[PDB]
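Listed next as structure tokens is one chain, alone, in the form deposited in one PDB entry.
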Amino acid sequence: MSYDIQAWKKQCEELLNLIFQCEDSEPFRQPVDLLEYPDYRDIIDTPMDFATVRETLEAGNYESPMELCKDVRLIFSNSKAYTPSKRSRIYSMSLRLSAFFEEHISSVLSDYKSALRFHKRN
């Protein structure tokens, strides 16, 4: 179990469970409704949402926690592009949940890279 290179998957499932519980995740749980928000695709090239991230992890389509972290960061960078105004309550929600995610993902990434370095050396 020390330096287990697969432990990040369960850690990421647990973190996504916390994120889905957070009231701040409500706008980001499901894809933006493309048929009902007509100008969304005029602004955003690559939509992303937490249900898509959770399904990608479950399907085994992330090779590392860094790939999962890239998709989650796209959720927040898309929100900042579409809702850029610091006055907006949606801007505030995105910033709070981004900080929460970045705090909790830190140890998952550091542990995973430590494990990589250990198995590569040995």
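Residues that one form lacks are left out of the comparison. Definition used throughout: the rigid core is the maximal C-alpha set that superposes within 1.5 Å between two forms. Each residue number is its position in the shown sequence, starting from 1.
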| field | Given 48-56 and 87-95, the range whose Cα B-factors average higher in the PDB entry | value | 87-95
| query | Can you tell me which stretch has the higher mean Cα B-factor, 28-36 or 76-84? | reply | 28-36
| note | Quick tally, chain-level thirds of C-alpha B-factors: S106 sits in the middle
| remark: By the entry's values, the third containing the CA B factor of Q11 is the lowest
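The discussion below concerns the form deposited with a small molecule bound, not included here.
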| task | Decide yes or no: are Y3, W8 and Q11 jointly within 4.5 Å of the small molecule in the deposited complex, with each residue judged by its heavy atoms? | result | no
| task | May I ask you to check whether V32 falls inside a 4.5 Å heavy atom distance of the small molecule in the deposited complex? | result | yes
| task | Look up in the deposited complex whether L57 has a non-hydrogen atom within 4.5 angstroms of the small molecule, and give yes or no. | result | no
| note | After a rigid core superposition between this form and the one not shown, the exception among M66, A81, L34, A51, its Cα shifting by 2 Å or more, is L34
| message | As a test: superpose on the rigid core, then list the runs of at least 3 residues whose Cα atoms all move 2 angstroms or more between this form and the one not shown. | response | 34-37
